[PDB]
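The structure appears right after this line, and notes come after that.
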There are 2 protein chains.
Amino acid sequence: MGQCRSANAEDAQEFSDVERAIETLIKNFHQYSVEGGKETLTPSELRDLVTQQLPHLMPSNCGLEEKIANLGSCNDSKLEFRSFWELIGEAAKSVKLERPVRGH
Amino acid sequence: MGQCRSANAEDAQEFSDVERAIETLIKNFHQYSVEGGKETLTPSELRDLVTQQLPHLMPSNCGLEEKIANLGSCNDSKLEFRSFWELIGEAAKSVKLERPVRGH
């Protein structure tokens, strides 16, 4: 892409374990939002990032179009960076610290 | 029952670099929920992890108490793992990648 790249905040590592972890997820929207124009994602690059990033959560064994069907109800604002984060709020129901008798 | 600490994916190396990072951030809830019974949270362990582990994300010179004031509207449910994840949504309203088009 282009003739230049940025370097500020592009590794984010002066921070604590949790305080770099949240940036490590947010980075992964910014790296993939290239045809959603950095303002948003778009469904066809949502489909492409999921098959690379989520092998333990959501492999190509189902149609990733089910994830598009959950967030695609916006029409004026479209898939802003919170629409990436709300699928991590779905991931954290299936991936969190492996506890004896996991909850309730 | 007991004071054991043991778990799994405690080193995490097979996952994608975002997929390890959801675990590595959410670990910090199951670490600090010490009065919270591993499934809920309380304002003192909230104050304590925000001063030690969000030293860039919410400084003492703003008052830590503002991040208790965010969760302070909900009481009938008690606190939840959800109530911590609801706060990280506001961490991402402060923290993004340092390129143009962060939002509006």
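Residues are referred to by chain and number: the chain letter is A, B, ... according to the order shown in the structure tokens, the number counts from 1 in that chain, and ligands are numbered separately from 1 in the order shown.
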
Problem set entry | Exercise answer, chain B residues close to chain A, 7 Å and only C-alpha atoms, as number ranges by chain | B: 7-8, 16, 18-19, 21, 23-28, 30, 53-54, 96-98, 101, 103

Let me see the file: selected residues, C-alpha atoms, as an mmCIF file, in the first residue's frame.
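In the end it all went to again.cif:
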data_model
loop_
_atom_site.group_PDB
_atom_site.id
_atom_site.type_symbol
_atom_site.label_atom_id
_atom_site.label_comp_id
_atom_site.auth_asym_id
_atom_site.auth_seq_id
_atom_site.Cartn_x
_atom_site.Cartn_y
_atom_site.Cartn_z
ATOM 1 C CA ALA B 7 -5.769 -22.712 34.822
ATOM 2 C CA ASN B 8 -5.039 -23.491 31.081
ATOM 3 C CA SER B 16 -3.445 -15.793 16.276
ATOM 4 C CA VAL B 18 -5.384 -11.059 18.337
ATOM 5 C CA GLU B 19 -6.853 -14.428 19.506
ATOM 6 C CA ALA B 21 -4.801 -11.106 23.133
ATOM 7 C CA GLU B 23 -7.428 -14.187 26.622
ATOM 8 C CA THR B 24 -4.459 -12.077 27.804
ATOM 9 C CA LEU B 25 -6.637 -9.015 28.481
ATOM 10 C CA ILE B 26 -9.587 -10.969 30.015
ATOM 11 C CA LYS B 27 -7.143 -12.887 32.346
ATOM 12 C CA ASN B 28 -6.932 -9.616 34.332
ATOM 13 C CA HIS B 30 -10.127 -13.503 36.784
ATOM 14 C CA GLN B 53 -2.490 -1.815 35.429
ATOM 15 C CA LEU B 54 -4.113 1.180 33.564
ATOM 16 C CA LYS B 96 -6.985 3.695 19.117
ATOM 17 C CA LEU B 97 -4.189 3.491 16.469
ATOM 18 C CA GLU B 98 -2.318 6.828 15.837
ATOM 19 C CA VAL B 101 -9.691 8.631 10.712
ATOM 20 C CA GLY B 103 -13.706 8.269 14.115
#

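All C-alpha atoms of chain A, paired in order with those of chain B and superposed by least squares, deviate by 2.1 Å RMSD.
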
For this session: Write down as a ChimeraX atom specification the residues belonging to chain B that are assigned alpha helix (DSSP H) by DSSP computed on the backbone.
Result: /B:19-32,43-53,66-71,81-94

For this session: Can you work out the spacing between atom CA of residue B:63 and atom CA of residue A:13 in Å, to one decimal?
Result: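 Computing the Euclidean distance for atom CA of residue B:63 and atom CA of residue A:13 yields 24.6 Å.
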
Exercise. Out of B:68, B:84, B:59, B:94, which residue has the shortest atom-to-atom distance to residue B:32 when counting only C-alpha atoms?
Worked result: B:84

Problem set entry | Minimum-distance residue to residue B:65, chosen among B:50, B:4, B:41, B:79 (using only C-alpha atoms) |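 Checking each of B:50, B:4, B:41, B:79 against residue B:65, counting only C-alpha atoms, the winner is B:50.
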
Exercise. Rounded to one decimal in Å, what is the spacing between atom CA of residue B:87 and atom CA of residue A:58?
Worked result: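 About the pair atom CA of residue B:87 and atom CA of residue A:58: they are 25.3 Å apart.
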
Exercise. What is the atom CA of residue A:83-atom CA of residue A:71 distance in Å, reported with one decimal?
Worked result: 6.7 Å
